[PDB]
Amino acid sequence: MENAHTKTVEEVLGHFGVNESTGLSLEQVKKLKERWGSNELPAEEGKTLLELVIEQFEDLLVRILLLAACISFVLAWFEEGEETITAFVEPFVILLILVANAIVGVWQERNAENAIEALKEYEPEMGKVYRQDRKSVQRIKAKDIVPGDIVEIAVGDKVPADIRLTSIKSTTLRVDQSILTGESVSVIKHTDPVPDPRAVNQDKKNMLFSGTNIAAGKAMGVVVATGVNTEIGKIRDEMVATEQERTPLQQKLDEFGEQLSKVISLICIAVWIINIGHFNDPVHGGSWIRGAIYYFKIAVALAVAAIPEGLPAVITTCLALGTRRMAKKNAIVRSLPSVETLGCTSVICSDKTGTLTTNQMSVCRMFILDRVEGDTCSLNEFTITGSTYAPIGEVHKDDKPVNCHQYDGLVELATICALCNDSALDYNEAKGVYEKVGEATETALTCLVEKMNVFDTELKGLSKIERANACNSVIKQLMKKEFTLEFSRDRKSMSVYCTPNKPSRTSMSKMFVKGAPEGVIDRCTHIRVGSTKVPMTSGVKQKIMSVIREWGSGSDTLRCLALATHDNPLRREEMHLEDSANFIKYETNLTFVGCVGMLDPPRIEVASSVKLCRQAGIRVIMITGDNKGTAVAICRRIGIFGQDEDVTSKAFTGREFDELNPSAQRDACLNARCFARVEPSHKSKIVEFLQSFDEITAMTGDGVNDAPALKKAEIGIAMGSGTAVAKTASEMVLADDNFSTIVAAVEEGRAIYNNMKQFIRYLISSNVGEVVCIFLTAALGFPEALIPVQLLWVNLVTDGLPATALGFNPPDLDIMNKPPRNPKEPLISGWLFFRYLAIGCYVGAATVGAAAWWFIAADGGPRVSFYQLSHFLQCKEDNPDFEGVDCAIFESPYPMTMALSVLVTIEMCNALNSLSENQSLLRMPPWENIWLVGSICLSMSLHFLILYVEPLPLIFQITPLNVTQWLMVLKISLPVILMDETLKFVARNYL
Ligand SMILES: Nc1ncnc2c1ncn2[C@@H]1O[C@H](COP(=O)(O)OP(=O)(O)OP(=O)(O)O)[C@@H](O)[C@H]1O
Ligand SMILES: [K+]
């Protein structure tokens, strides 16, 4: 469509031929599925191989390998000599690094682009559509939405597509369009046409723009634009290009890469310097003037020896596969940096309802007025059985069954519960259970109405489906809900305006109210006794609150609601419904009717999870909107407070906290474990205090008003069943809403980072050894032990596999017995630095000695001397000192094979060392991580197949050595296990 905002609801519906009540059909969606494509934005993969090679700016070093060979081909034509077979073999070494560097960039990075998407794949963008599959609403993927679909939306929902509104269910619908327009205030919507065709998005008030979200209200509409056709889509410019802050770990790694890259010069400076064009030198020396390649090949070998080329691939694979493991544990990670932060968590601020509790609610208690004896009063108290959402149970008074219809107060009680309610029961025929639609708290009220049956409706002979709403339906037939004043967290109550269907001759409209007992009862000027109405006296008000306090603070820890009605409400025309802040003014002069209290038991594993946090040095703070008596009692039942613990300074209502002096407010955020009857402003305020203590805080939230605190906290954690707005503002989502999942995610974050410390200290260690190996060769003068072609293959394959498997090491048994990790924790400590040198110098010497062992001493090697080797460059037929000796053997695949096979076996040994940080292998056998053992074999087999498959050993300049020569490799390799084990023992039983 063109002008959808200008067209009428009937006109836009017509343009797609769709019914508002049944939506599109099965084939009609198929028809539009081919025309419009999905609702997805075509992020360009580009599959750009040709231009990825053009980008590839990562390795500066090996790019400098490109420059000396490329322009120098001027020499290839003018080359002085007849050499043919030995001519073009060497240039393959220089060029192959270039071709392979394309693979280093491409294969590793595209897998990272897939990682970011893999996080979204576990919880796909949803949207509520109406189609001919079901008469009720249907929840499908947002991408499966096509223009013409009927979409339903409510507070917290992300608008899945550009939508022309059709009907608004609440009194008002407000949308936060801040992502699309610059408007920071929610905009009010309607269903009328906007006749101006050139109107701006700010003025197209009958439209819902994709990417925006609903601040308040509920409504329906028809989709107009999807994909690129979306108002936001066409633009796709306001975006930055993946603008993110380096993690404290990647920074340390980037920093360690930038400091040492300058240290490359320290060794490189020492080499080039030499020429030092001799300012007093003879005229004729037989100088070898073609020597402008010696310092060049070494600098390239240094770079390949100093850079952990395999590190980013191992990191990306570790996080991604770790995240999936977390997602399996119902912790869905939206941001990869959060996994590092997660391990540092020092405070968890957890919501109570549904997170610490099970959110399976049932009303087991209720009361109404009985008699008013002057200033005192008696109550009719009742119990109610059945704890599920099944509409089956009995109502008792003094354990005797009762007819609820007899009590006029119970008839009103049930009426308020039926009417001031947005929820329903639904019988799941497949699972054979009753399920809730909407809030648990409200559905409990729904389920209560069925059990009360206050009009004595015949229920025998109704299906399971009919029994779900039957008594609720009866009350709705008598009393019509015209509009509702929605629940708000500031007044903590809700009201609905209702009128009888039968013309009454008298006003007879009412407002039925339910809410937190403290506030609602404060706004009651009268009490209902049966059908009579008498003024509320403080003696009566004290009685009501005492019982309510007793229900909430008992062992059942009842979530309580007070119920009341306004007998003389204002007319709809006299109320301003655009703002919830006005609603408390309209809910006053109320008549108190009764209270209910409902089970919401603690989760079973939460107590242990709270103990685990204590062991791990993680403070736990309960945060709730519920009553302080209820909150504290749960805190005792799950162990946040002791059974007998004095909580007078450890627990606060939002108001109490607000009334504290700043000094006392600071103490509260230091010592308090329970904040009750809070408003969304308190979470942010709490986070601000926690940050001033340098705490790293995990905060939970589900609602639109939780977004600021979720963003402000170091780890925002959104409920899986909560709003989309909250999820977008958070670093993690609890798929099951469970507090325990927070703790399990923290444990995983602690474990994943520990494994990363290993394969970082492991891959860097191999580089540290490779550097002193090249240094040993330059300083001791010896021939080339290892070539950059071997280092690259080792750092990508030989070291590549065990590093990844290192990411899968089992966590320490005490991993949750240690305090939170400081985010400023050094990646390598003083003693750990000694571990670098002790290992680095080992494999450095172990590879040079191995290459010089086959040379100087062996049965089957030529047996030169030290001076013959140190000066190998002087091996010429004219040098008096090189006399009766051959120069051909100085370049041989055998000594390099000894050095490489030693380097390989060393790393396979060092990998097993890296199974744990300080734990000896005797108690941490290599099979503790099976993937690690299988990693050694797959790489070693990759090292055998690099010899006995003819094309491989030729380009690698290696030859398979003898069985006798292979044993010498083990003689110098295995002892690295002994040295490292000694270095483990020393810290353990000494440091
Ligand atoms: N649908 C509702 N209608 C009326 N009153 C409600 C409704 N839902 C909750 N309330 C009440 O007012 C209080 C405010 O609820 P709020 O959402 O802020 O916290 P909570 O519902 O107790 O959950 P949490 O433990 O996550 O804070 C509740 O404790 C309850 O007494
Ligand atoms: K945050």
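Here the entry title, as the record gives it, is "Crystal structure of the SERCA2a in the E2.ATP state". What UniProt states about the chain under its Catalytic activity heading is, verbatim, "Ca(2+)(in) + ATP + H2O = Ca(2+)(out) + ADP + phosphate + H(+)". The UniProt entry for the chain carries the following text under Sequence similarities: "Belongs to the cation transport ATPase (P-type) (TC 3.A.3) family. Type IIA subfamily."

> For this particular structure, what's the right way to read the pattern of salt bridges?
Opposite charge on two side chains makes pairing possible when the charged atoms of those side chains draw close. Applying the stated criterion to the full structure yields 42 salt bridges. As a salt-bridge pair, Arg677 and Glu518 come within 2.8 Å of each other at their nearest N and O atoms. Placement of the pair is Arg677 in the loop between β27 (674–676) and α22 (680–692) and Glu518 in helix α15 (residues 517–522), with a sequence separation of 159 residues. The class for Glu518 is partly exposed, based on a relative accessible area of 25%. A salt bridge links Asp567 to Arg528; the nearest nitrogen and oxygen atoms lie 2.6 Å apart. With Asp567 in the loop between β23 (559–566) and α17 (583–586) and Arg528 in strand β21 (residues 524–529), this pair connects stretches of sequence that are 39 residues apart. Owing to a relative accessible area of 11%, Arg528 belongs among the buried residues under this scheme. Each of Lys352, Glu518, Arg559, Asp626 and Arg677 takes part in salt bridges that share partners, so that together they form one network.

> Help me understand the UniProt feature "binding site: Mg(2+)" in the chain, please; the structure alone is not making it clear to me.
When the UniProt feature table is mapped onto this chain, "binding site: Mg(2+)" is found at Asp351, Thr353 and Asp702. Across 352 residues in sequence, these annotated residues keep their C-alpha atoms within 10.7 Å of one another, forming a single compact spot. Along the polypeptide, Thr353 turns up in the loop between β11 (347–351) and β12 (362–373). Those residues in contact with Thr353, other than ones at most four positions away along the chain, are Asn359, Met361, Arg559, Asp600 and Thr624. Within polar-contact distance, the side chain of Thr353 engages the side chain of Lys352 at 3.0 Å. Relative to the elements of secondary structure, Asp702 occurs in the loop between β28 (697–701) and α23 (707–712).

> Sorry, what's going on with the sheet that holds strand β6 (residues 187–188) here?
Each strand in a sheet pairs with its neighbour through backbone hydrogen bonds, running either in the same direction (parallel) or in the opposite one (antiparallel). Across the sheet, which stays open at both edges, the three strands sit in the order β6-β5-β8 with antiparallel pairing between neighbours. Edge positions in the open sheet fall to β6 and β8 (213–216), since each of these has one partner strand only. Looking at chain direction, strand β5 (residues 174–176) and β8 are connected through three bridges and run antiparallel. In the sheet register, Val175 faces β8, and the bridge partner there is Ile214.

> What is the right way to look at the site of ligand 1 in this model?
Taken together, the neighbourhood of ligand 1 is formed by 19 residues, with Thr353, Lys514, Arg559, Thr624 and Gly625 sitting nearest. One nitrogen or oxygen atom from the side chain of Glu442 is found 3.0 Å from a nitrogen atom belonging to ligand 1. Within the complex, the protein chains bury 92% of what would otherwise be the 610 Å² of accessible surface of ligand 1. For the shell around ligand 1, the secondary structure elements donating two or more residues are β20 (510–515) and β23. Looking at which element gives the most residues to the shell around ligand 1, the answer is β23, with three residues. A per-class count over the shell around ligand 1 returns five nonpolar, four polar and 10 charged.

> What's the story with the side chain of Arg835 in this structure? I'm lost.
With respect to the element layout, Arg835 can be found in helix α28 (residues 830–856). For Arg835, the side chain forms a polar contact with the main-chain oxygen of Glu917, separated by 3.2 Å. The residues contacting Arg835, other than those within four sequence positions of it, are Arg761, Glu917, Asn918, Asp980, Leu983 and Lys984.

> Explanation requested: a nonpolar patch on the surface in the structure shown.
A surface patch of nonpolar side chains, amounting to about 620 Å² of accessible area, comprises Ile269, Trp272, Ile273, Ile274, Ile276 and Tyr295. Within the secondary structure, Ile276 is located in the loop between α8 (248–272) and α9 (294–306).

> Please explain the packing of α28 against helix α33 (residues 963–973) as it appears in this structure.
To describe two helices that pack against each other, one gives the angle between their axes and the distance between the axes. Where α28 contacts α33, the axes come no closer than 10 Å and their chain directions differ by 155°. In terms of axis orientation, α28 runs roughly antiparallel to α33. As for the relative orientation of α28 and α33, their crossing is right-handed in sense. On α33, the residues touching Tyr842, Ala846, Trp853 and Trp854 of α28 are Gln965, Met968, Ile972 and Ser973. Its residues placed into classes, the contact of α28 with α33 shows six nonpolar, two polar and no charged.

> How do you make sense of the state of the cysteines when you look at a structure like this?
Disulfide: a covalent bond connecting the sulfur atoms of a pair of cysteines. The full count for this structure, using the stated rule, is one disulfide. Here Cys875 connects covalently by a disulfide to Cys887, the sulfurs 2.0 Å from one another. Here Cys875 and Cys887 share a disulfide; its torsion about the S-S bond, -100°, makes the bridge left-handed. Placement of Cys875 in the loop between α29 (866–870) and α30 (893–913) and of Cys887 in the loop between α29 and α30 is noted, with a sequence separation of 12 residues between them. Given a relative accessible area of 11%, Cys875 falls into the buried group.

> Could you clarify how one ought to interpret the packing of aromatic side chains in this entry?
Geometrically, a pair of aromatic rings is defined through the distance of the ring centres and the angle of the planes. Within this structure, the stated rule accounts for 17 aromatic pairs. Ring geometry for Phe657 versus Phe675: centroids 5.6 Å apart, planes at 90°, classification edge-to-face. Remark: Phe675 occurs in strand β27 and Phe657 occurs in helix α20 (residues 654–659); sequence separation between them is 18 residues. As far as burial versus exposure is concerned, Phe657 and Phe675 are alike and both buried. Site record: aromatic cluster; members linked through ring pairs are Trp854, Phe855, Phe872, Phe890 and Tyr894. Lying over the aromatic face of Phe808, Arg325 brings its terminal NZ or CZ to 5.0 Å of the ring centre. Lying over the aromatic face of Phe382, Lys397 brings its terminal NZ or CZ to 6.0 Å of the ring centre.

Conventions and cut-offs
Residues numbered from 1 in each chain as written, not as in the entry; some residues may be left out. Chains lettered and ligands numbered in written order. Heavy atoms only, no water. UniProt positions renumbered as here; feature names shortened; annotations may be inferred. Salt bridge = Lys/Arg side-chain N within 4 Å of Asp/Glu carboxyl O. Helix = DSSP H or I, 4+ residues; strand = E, 2+ residues; numbered from the N terminus. Buried < 20%, exposed > 50% of the residue type's maximum accessible area, 1.4 Å probe, protein only. Contact = heavy atoms within 4.5 Å. Polar contact = N/O pair within 3.5 Å; in protein donor to acceptor, adjacent residues only side chain to side chain. Pairing = 2+ DSSP bridges. Near = heavy atom within 4 Å. Areas by Shrake-Rupley, 256 points an atom, 1.4 Å probe, with all protein chains shown as cover. Nonpolar A, V, L, I, M, F, W, Y, C, P; charged D, E, K, R; others polar. Patch = residues over 30% accessible without salt bridge, like charges linked within 9 Å, V, L, I, M, F, W, Y side chains within 5 Å. Axes fitted to C-alpha atoms, helices over the stretch in contact; angles between N-to-C directions. Parallel < 35°, antiparallel > 145°, perpendicular 65-115°, else oblique. Left-handed = near helix turned anticlockwise from the far one by under 90°. Disulfide = S-S within 2.5 Å. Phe/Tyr/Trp six-rings, centres within 6.5 Å; stacked < 30°, edge-to-face > 60°. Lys NZ or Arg CZ within 6 Å of the ring centre and 35° of its normal.

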